[PDB]
S.K.: 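Structure incoming, see below.
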Amino acid sequence: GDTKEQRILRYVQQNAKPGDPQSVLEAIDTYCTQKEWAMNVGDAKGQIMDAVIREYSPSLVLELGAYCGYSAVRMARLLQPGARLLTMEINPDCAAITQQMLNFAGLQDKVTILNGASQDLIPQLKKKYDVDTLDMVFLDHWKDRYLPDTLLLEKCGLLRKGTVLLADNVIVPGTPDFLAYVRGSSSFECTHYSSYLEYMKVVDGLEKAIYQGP
Ligand SMILES: O=C(NCC/C=C/Cn1ccc2cnccc21)c1cc(-c2ccc(F)cc2)cc(O)c1O
Ligand SMILES: [Cl-]
Ligand SMILES: [Cl-]
Ligand SMILES: [Mg+2]
């Protein structure tokens, strides 16, 4: 039958207001609290994301890992007119859910959903997607890819002085190599925001790592 992700989308469509991103977030969080847990960033960590997005007002954001579009909705709703989000999603079913979620939220003009693997798509961003440098990157994909993709972004010339990396799940499931690397590197200024795993009384956190140049 249908998947959990399809059930979340249907729930939003039937319990939120079209064109109202905040109602979409609330519907997803209610469903995942009351019905079925899912790996959306959630409201606890989402409030920290909101505070970071507001501080930096990024013009161009890259997200690695869309899932059902919760974080894309959360970020895109706070972007200024004309600012853009690119989100990379390897799972085609999830890419389709994410697109439909964004469409329902009315945020489709702000967001472009790329369906492929980060190691394949990151080297295409400049020539194929006309990116110069990124203002912010949200890491929320395979936890063992946070470090290699950070290094690939740098190799590809996509980071500038001040680019903000914000990483989900640095505690659970955990990203130990990424944390050790950025915290030990003079090329990053790092801050840890302690919080909770989505929908659970389990400690998690976000790491902010601001790129400082070579
Ligand atoms: O695995 C998670 N996320 C990643 C999903 C797919 C990546 C695959 N993926 C998506 C684009 C892309 C692009 N390129 C390569 C792979 C890619 C995740 C997992 C948990 C979690 C926590 C506790 C627990 F008991 C079980 C699971 C919490 C979370 O908040 C997550 O975010
Ligand atoms: Cl999410
Ligand atoms: Cl939560
Ligand atoms: Mg996550």
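Both counts, for ligands and for their atoms, begin at 1 and track the order of listing. Numbering starts at 1 and runs along the sequence shown.
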S.K.: Hey, what's the ring geometry for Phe188 with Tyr181, parallel, tilted or perpendicular (30° and 60° as the breaks)?
M.R.: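 Answer is perpendicular, since the angle exceeds 60°.
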S.K.: Strictly by modelled atom types, are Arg74 and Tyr70 linked by a side-chain donor-acceptor pair under 3.5 Å?
M.R.: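 There is such a pair (donor and acceptor under 3.5 Å, judged by atom type) between the side chains of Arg74 and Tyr70.
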S.K.: Hey, could you give me the CD/CD distance between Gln6 and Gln100, rounded to the nearest 0.5 Å?
M.R.: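 Nearest 0.5 Å value for the CD-CD distance: 9.0 Å.
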S.K.: Mind checking what residues have non-hydrogen atoms under 4.0 angstrom from ligand 1?
M.R.: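 If the criterion is a heavy atom under 4.0 Å, then ligand 1 touches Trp37, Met39, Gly65, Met88, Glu89, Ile90, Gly116, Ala117, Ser118, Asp140, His141, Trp142, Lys143, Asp168, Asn169, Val172, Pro173, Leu197, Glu198.
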S.K.: From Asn169, does some N, O or S atom reach closer than 2.8 Å to the Mg ion (ligand 4)?
M.R.: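 A backbone or side-chain N, O or S atom of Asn169 is under 2.8 Å from the Mg ion (ligand 4).
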S.K.: Please name the atom of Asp168, limited to N, O or S, that comes nearest to the Mg ion (ligand 4).
M.R.: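 Going through the N, O and S atoms of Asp168 one by one, OD2 ends up nearest to the Mg ion (ligand 4).
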S.K.: Do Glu189 and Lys208 sit within salt-bridge range, that is, some charged N less than 4.0 Å from a carboxylate O?
M.R.: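 Salt bridge flag = no for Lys208 with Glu189.
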S.K.: Are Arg160 and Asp132 close enough for a salt bridge, meaning some N to O gap below 4.0 Å?
M.R.: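 No, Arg160 and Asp132 are not salt-bridged.
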S.K.: Please check if any side-chain donor atom of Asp204 sits under 3.5 Å from a side-chain acceptor atom of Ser195, or the reverse.
M.R.: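 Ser195 and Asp204 do not have a side-chain donor-acceptor pair below 3.5 Å.
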S.K.: Of all the N, O or S atoms in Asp140, which one sits nearest to the Mg ion (ligand 4)?
M.R.: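 Within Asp140, restricted to N, O or S, the Mg ion (ligand 4) is closest to atom OD1.
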S.K.: Just by distance, no angles: are the side chains of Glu89 and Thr98 close enough, under 3.5 Å, to form a donor-acceptor pair?
M.R.: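 No, because no side-chain N or O of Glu89 sits under 3.5 Å from a partner of the opposite role on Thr98.
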